[PDB]
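The block underneath contains the structure these notes are about, expressed in C-alpha cells.
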Amino acid sequence: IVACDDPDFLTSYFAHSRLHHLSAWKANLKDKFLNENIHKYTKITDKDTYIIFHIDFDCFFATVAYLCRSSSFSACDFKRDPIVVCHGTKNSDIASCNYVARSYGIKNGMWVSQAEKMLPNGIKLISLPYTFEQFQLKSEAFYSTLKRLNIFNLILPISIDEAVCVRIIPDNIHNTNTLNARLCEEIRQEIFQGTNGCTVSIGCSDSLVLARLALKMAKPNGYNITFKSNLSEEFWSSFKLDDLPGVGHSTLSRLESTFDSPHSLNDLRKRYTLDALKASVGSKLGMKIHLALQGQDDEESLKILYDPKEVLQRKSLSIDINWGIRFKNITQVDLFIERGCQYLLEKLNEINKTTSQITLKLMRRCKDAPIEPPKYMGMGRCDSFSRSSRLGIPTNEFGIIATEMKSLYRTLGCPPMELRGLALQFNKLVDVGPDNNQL
DNA sequence: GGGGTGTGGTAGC
DNA sequence: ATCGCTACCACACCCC
Ligand SMILES: [Mg+2]
Ligand SMILES: [N+]
C-alpha cells in the first residue's frame, strides 16, 4: 500500500485506475493518428458519399480478462458464468461485465456488492482482475487489423476498443446491403482471428448517430445495417432515451419530466416539439437530439469527418485524483501538488508545448458527510471548487506553475483534512517553434 | 461584435 | 479494502 503522501502514489494509483488507462489510451491513439497522418490528407469532403462502420469490442475488459485469465480461473466459462472485472469485493466498481451477468440485471459501473444481490441463490459471481497490458495488446491487434483490411478511407479512434471507420463510395459504384453485410462479417471474423478470440459488433449506416444506434442494436457479437432510408417505428422503439449520444442521466431526467416519461426513442419522437426540446435540455443539445431523431448528424459531430486532424488535436492537459486523498496538513498538500505539476510538465514536454493558463479544482467533504465514506478511500459526498489563472507569458517552468497552483489552493481555503480530491489543469497550450527570440 | 469566468454534463470499461 | 480519469462542449453570467 502507498498512501497519498508517499512519493509513489501518483504512479501506483494510475497503474491501478482503469479510468486513467482509458483516457491515457485514448490520448495516445489521438497522438498516433496525427503522427501517422502528418502529411497524408485523408479527410472527408462535401464531394464524398460515405458509409460509417462503427466498431466496438463486446464487453471488452471482461472478454480480454477472461481470455488471459490466470490458472485459478481455468475452468471458468465465459458463456455460462456471470463474470465481472473489478479490483475488490465490496464497494468496488464493476468496470465490465459479460452478457451472462447482464442477463441478471448487472450493469457496468455497479459496485460488486450491488451486483451480487441480483444473482439467484447458487449462482456465483466470477470476479476477474484487470489485465491492462493485455487490454492494450488486444487493442493493437484491433487497429492493425482495421488498417490491414484496406477497406476504409478514414479510421477514427474513439477509445482503446472502439473506432469509427469511414468508407467513401464512388458514384460509379452502387453500394448494396449484401456488400455491407459482407464487409461486416469480414471485419468481425478478421478481428476475431487477430485478437485470438475477442468479438466486436458493428453498426453500419450513412450517419454517425445512426451507426452508433445500429451498433447498440447489433450487440452482442453481431452487426446491424440501418440506413436513413431504412428508418422505422420498429427501429426507434428498440432504444431507450439515454441510448442517444449525448443523453446521460441528467439529460434523461429532464427529458422524462418534460415529456411524460417516454420509454423509447419512438415515444419521444412522437411527443416532442423542437422548441420544447430546446427548452427542456438546452438549445444546442436540443437541436442535436432533434436531428438525431431524424437519423441525422449535427454540425458539431460532423467536424471529426471534415477536419479530423483538428478535432483530434489535444487542446488541454490535466490530472484528476479523487480517490485516496487523505492529507493531515498543508505541507503534504503542497508536496502532492508539486508532484502533480512535475507529472504534468513531463507530459507537457513530450508534446513540446507551453501553457498560458492553469486551473486547480478540488473536492471538499460536505459538512454533514462522514469522514470515511462508504467506499474505502473514496471521495464520498463533496462540494467542488475551481479557480484558474492566466500566466501571461506561456511557460513550462516548474517554479512558476507549481507556485501558482499552490497559490490557487490557498485561494480556495479548503482545510487539508477536509480535502478529498484534486485536479490540476493546463487549459491553454502553446506551440514551441524554432524561433524563441523574444525580448 | 469581442472577451472573460466557474460550473456541469458526457464518454469510454 | 480499492485504485471515483480526463477532454471537450455548452451554459449562465460578467466586462468593455
Ligand atoms: Mg447516453
Ligand atoms: N463492458
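Proteins come first, then strands; the chains are lettered A, B, ... in the order of their sequence lines, and each starts at number 1.
- In this structure, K375(A) pairs ionically with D93(A), as a charged nitrogen and a carboxylate oxygen lie closer than 4.0 Å.
- For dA7(C), the OP1/OP2 oxygens have a side-chain nitrogen or oxygen of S318(A) closer than 4.0 Å.
- Heavy atoms of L317(A) sit under 4.0 angstrom from primed sugar atoms or phosphate atoms, though from no base atom.
- Pair assignment for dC13(B): none, as no Watson-Crick or G-U wobble contacts are both less than 3.5 Å.
- At the heavy-atom level, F57(A) lies nowhere under 4.0 Å from the strands shown.
- Between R326(A) and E372(A) a salt bridge is recorded (basic side-chain N to carboxylate O distance below 4.0 Å).
- In terms of position along DNA chain C, the nucleotide closest to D93(A) lies nearer the 5' end than the nucleotide closest to the other residue of the pair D93(A) and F14(A).
- With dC8(C), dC13(B), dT2(C) as the candidates, the nucleotide lying closest to the side chain of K315(A) is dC8(C).
- If you check every strand for non-hydrogen atoms under 4.0 Å, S388(A) touches sugar and phosphate atoms only.
- Between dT5(B) and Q357(A), a contact under 4.0 Å exists linking OP1 or OP2 to a side-chain N or O.
- Ion pairing of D58(A) with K219(A) is present here, as a side-chain N (NZ or NE/NH1/NH2) and a carboxylate O approach within less than 4.0 Å.
- Contacts of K26(A) with the nucleic acid, taken as non-hydrogen atoms under 4.0 Å apart, are absent.
- The side chain of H16(A) approaches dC3(C) more closely than any other nucleotide in the set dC3(C), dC9(C), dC13(B).
- As judged by a 4.0 angstrom heavy-atom cut-off over every strand, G246(A) is placed among residues touching the sugar-phosphate backbone only.
- Under the 4.0 Å criterion applied to side-chain N and carboxylate O atoms, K288(A) and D298(A) are assigned as salt-bridge partners.
- The side chain of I319(A) has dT6(C) as its nearest neighbour among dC9(C), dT6(C), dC13(B).
- Side-chain N/O atoms of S12(A) include none lying less than 4.0 angstrom from OP1 or OP2 on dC3(C).
- Salt bridge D267(A)/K240(A): absent, no basic N to carboxylate O contact under 4.0 Å.
- The shortest distance between the side-chain N/O atoms of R387(A) and the OP1/OP2 oxygens of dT7(B) is not below 4.0 Å.
- Side chain of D320(A), nearest nucleotide from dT2(C), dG12(B), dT6(C): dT6(C).
- Going by the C1'-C2'-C3'-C4' torsion, the sugar of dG4(B) sits on the north side, since that angle is positive.
- Per the geometry, CZ belonging to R364(A) stands 20 Å off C1' belonging to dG4(C), to the nearest Å.
- The distance from atom CG of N427(A) to atom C1' of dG6(B) is 11 Å, rounded to the nearest whole Å.
- Between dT2(C), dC5(C), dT10(B), one nucleotide has an atom nearer to the side chain of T251(A) than all others, and that is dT10(B).
- OP1 or OP2 of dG4(C) has at least one side-chain nitrogen or oxygen of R18(A) nearer than 4.0 Å.
- Counting non-hydrogen atoms under 4.0 angstrom, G286(A) reaches nothing in the nucleic acid.
- At a threshold of 4.0 angstrom between heavy atoms, the contacts of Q313(A) are confined to the sugar-phosphate backbone, with no base atom among them.
- Atom CG in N28(A) sits about 12 Å away from atom P in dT6(C), given to the nearest Å.
- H20(A) has its NE2 atom 20 Å from the P atom of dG12(B), to the nearest Å.
- With sequence neighbours left out, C184(A) forms a side-chain contact (heavy atoms from CB on, under 4.5 Å) with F53(A), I202(A), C204(A), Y223(A).
- A positive value of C1'-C2'-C3'-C4' puts the sugar of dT5(B) in the north, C3'-endo-like family.
- Across all strands, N322(A) comes closer than 4.0 Å to base atoms (heavy-atom distances).
- With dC5(C), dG9(B), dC11(C) as the choices, the nucleotide that has an atom nearest any side-chain atom of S283(A) turns out to be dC11(C).
- Comparing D298(A) and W111(A) by the nucleotide of DNA chain C that holds the closest heavy atom to each, the one mapping nearer the 5' end is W111(A).
- Contacts of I321(A) with the nucleic acid, taken as non-hydrogen atoms under 4.0 Å apart, involve only primed sugar atoms and P, OP1 or OP2.
- Ionic pairing of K216(A) and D243(A) is present here: one or more N-O contacts between side-chain nitrogen and carboxylate oxygen are shorter than 4.0 angstrom.
- Proximity of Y13(A) to the phosphate of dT2(C): no side-chain N or O atom is located under 4.0 Å from OP1 or OP2.
- Closest to the side chain of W323(A), out of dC9(C), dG4(C), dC13(B), is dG4(C).
- Closest to the side chain of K284(A), out of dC8(C), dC13(B), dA10(C), is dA10(C).
- Closest approach to the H87(A) side chain among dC5(C), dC13(B), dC3(C) is made by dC3(C) (side chain taken as heavy atoms from C-beta onward).
- Of the candidate nucleotides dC13(B), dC5(C), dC8(C), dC5(C) has the atom lying nearest to any side-chain atom of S17(A).
- One finds no side-chain N or O of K107(A) lying less than 4.0 angstrom from the OP1 or OP2 phosphate oxygen of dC13(B).
- Below 30°, between 30° and 60°, or above 60°: for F9(A) and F336(A) the angle between ring planes is above 60°, a perpendicular geometry.
- Residue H21(A) has no polar side-chain atom (N or O) positioned under 4.0 Å from OP1 or OP2 of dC5(C).
- As rounded to whole Å, 17 Å separates atom P of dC13(B) from atom CE of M110(A).
- When the pucker is read from the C1'-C2'-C3'-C4' torsion, the sugar belonging to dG6(B) turns out south, on the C2'-endo side.
- In this structure, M377(A) reaches neither bases nor backbone, as no heavy-atom distance under 4.0 Å exists between it and the strands shown.
- Counting distance only, with no hydrogens placed and no angle test, the side-chain atoms of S23(A) and the base atoms of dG12(B) include a donor-acceptor pair under 3.5 Å.
- For the pair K278(A) NZ and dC11(C) P, the interatomic distance rounds to 11 Å; values are reported in whole Å.
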